[PDB]
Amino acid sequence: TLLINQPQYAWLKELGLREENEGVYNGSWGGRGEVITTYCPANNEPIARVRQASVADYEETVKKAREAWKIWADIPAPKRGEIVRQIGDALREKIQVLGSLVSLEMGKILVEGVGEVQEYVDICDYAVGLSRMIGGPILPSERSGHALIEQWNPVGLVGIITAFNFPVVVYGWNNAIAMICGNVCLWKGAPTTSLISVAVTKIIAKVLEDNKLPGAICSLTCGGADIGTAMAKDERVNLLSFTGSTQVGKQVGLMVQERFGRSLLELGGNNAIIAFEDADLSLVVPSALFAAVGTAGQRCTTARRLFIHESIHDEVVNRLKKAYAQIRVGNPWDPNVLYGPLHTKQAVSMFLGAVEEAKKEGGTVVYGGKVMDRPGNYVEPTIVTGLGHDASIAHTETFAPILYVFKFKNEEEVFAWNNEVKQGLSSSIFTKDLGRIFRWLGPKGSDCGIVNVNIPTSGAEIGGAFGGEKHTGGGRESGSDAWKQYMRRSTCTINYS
């Protein structure tokens, strides 16, 4: 009854997956911890099994990663970029089947599963050039006969903990950047996307082995909170990149700070869209729909609060309701499907509780609010009106497709309301007003790390640094000078007189 044993799913074997797969890689494949089965969220069928990491697997892997660092750190950065280039090519050759696996194990629709692999490919190609660019300025010393140089060196071992909802590209951003910066990596992915983690690691392992490099440069220890906690407490993990819930990330941040390590935290969001009276409503409505219900509301940048000018509130809500009723629901790998299941049954339960709480706090469900009666974890995408902007349920991140809608009148109050929550990830305003747009970007505007105009809260590109502020944790991934978080700066003065 395992999906991998059905001919309909024989393509899983093109990723080198079988019934039971080793979930530890450090040059060798292993796994002496508990064997986990992962399940397809569209039908609750089991796919295949992964042998997770014991404590002894973890300990051996960290040691092998740190020995491998001695070799890797001596490789010139541009030659490390060539390795990353070859990783991108190897992902390229498996983009369709790996994208299908993302749809199957995680449950986002196919164009997004494939899109996620493509973005990993693209960050690899970007990192190739960046590997010839990382560094600091040589500055003029104020003293005769002295040179003044800013040097950047790898931090060493970069632990990477990733979440279920982007099970390929978050790791990929961290991996590609950490690698060209001279670090080795230890990945612990979400347990419910273990096959995805294993499949990606197989692809990278083959590149490293073909180049006669130690496999531990990109190590894998599949596991749950125990492995993640060990990494947070582990002084040999020089940088811990964590993507997950604010609640867990706060504890990881504390554990890393207690040992004077470095952390990079990419936590929850409670992202607002604001539609002013002059907004192009044929941009607002489809943008709100996609930002709120894309990936069944399970992006960290998912729109969860919609503020509408009172003059257009009713019209936007009515047009949003009609658009919701037209959303094509089905298996995430099927053509024309735009909306798949929630990732787990626990997520369905949390969705139901939020909807209940929203009614108890005085909200009105104007669309959805129910669990769909069908196989898998499907819930109706939901719209709630009538709550105050400071309703407790609206200040909570519920990782489900629920959109809280609010009226406003003036710019100043609704900029404050965007900013009042604890999260600080993404934000967008819809307006044509030149002044309002620059005030939004300015010091009295949005306090988030992603600040958008006439486009949804999701959809960032790799060219810029990605991450948020306040309880979103402050880390940055991908573009701009985000690479500096993966290295250590030294200020070096050479007296040559």
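When you see a residue number, it is the position in the sequence shown, counting from 1.
The mean Cα B-factor in the deposited entry runs higher for 453-461 than for the other of 453-461 and 425-433. Per-stretch averaging of Cα B factors for 327-335 and 108-116 places 327-335 on top. Comparing the listed residues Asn238, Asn211, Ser287, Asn165, the entry records the largest Cα B-factor for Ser287. Take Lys250, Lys321, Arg304, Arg259 and read off each C-alpha B-factor from the entry; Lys321 has the highest. Per-chain ranking of the deposited C-alpha B factor places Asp234 in the middle third.
In the deposited entry, the Cα temperature factor of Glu150 places it in the middle third of its chain's modelled residues. Residue-level temperature factors show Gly182 in the lowest third of its chain, judged at the C-alpha atom.
Ranked within its chain, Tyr404 lands in the lowest third, by CA B factor from the PDB record. When the CA B factors of the chain's modelled residues are split into thirds, the value for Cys222 lands in the lowest one.
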